[PDB]
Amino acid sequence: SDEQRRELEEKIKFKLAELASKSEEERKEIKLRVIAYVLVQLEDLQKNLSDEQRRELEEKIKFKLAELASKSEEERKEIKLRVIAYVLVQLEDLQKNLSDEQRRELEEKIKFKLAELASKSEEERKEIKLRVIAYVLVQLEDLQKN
């Protein structure tokens, strides 16, 4: 819906507003936490998905990454922030809708991905970030069909 689109835009920009007061060190940590969370959610979804469904989505990520290459650093920074805020919206929902147990394993699953991400080189680290941004833009584009 258009009225449904407008509500999600407000939420994204509202979430971004809480980011303005946080510090570059806090913001770096939030960015890294968001990435790790998208990664566990990615991994979990690849289990429950087909060999063909995994090819189709992998190419969806790549086509999205190609659109990003077409954009200016200003737009790319904007896009990066929208995705991060949109993920933070879900993390808010997630934080309310599950109890201390489900919260627990997720934190651990987050912690592993952060560990896995720290062990990577800088080129690969940058590559994972961008794929995570592209993937969220993918599912964001699917949801933005309703």
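We number the residues from 1 along the sequence you see.
> Between 19 to 27 and 126 to 134, name whichever shows the higher mean Cα B factor according to the PDB entry.
Averaged over C-alpha atoms, the B-factors run higher in 19 to 27.
> For the stretches 83 to 91 and 51 to 59, which has the higher mean C-alpha B-factor as given in the deposited record?
Stretch with the greater average CA B-factor: 51 to 59.
> If you rank the chain by CA B-factor, which third does residue 44 end up in: lowest, middle or highest?
Middle third of the chain for residue 44's C-alpha B-factor.
> Ranked by Cα temperature factor within the chain, is residue 113 in the lowest third, the middle third or the highest third?
Residue 113: CA B-factor falls in the middle third of its chain.
> Divide the modelled residues of the chain into thirds by Cα B-factor and specify which third, lowest, middle or highest, holds residue 104.
Ranked within chain, residue 104 CA B lands in the highest tercile.
> Should residue 66 be placed in the lowest, middle or highest third of its chain by the C-alpha B factor in the entry?
Ranked within chain, residue 66 CA B lands in the lowest tercile.
> Ranked by Cα temperature factor within the chain, is residue 98 in the lowest third, the middle third or the highest third?
Within its chain, residue 98 is a highest-third residue by C-alpha B-factor, going by the deposited values.
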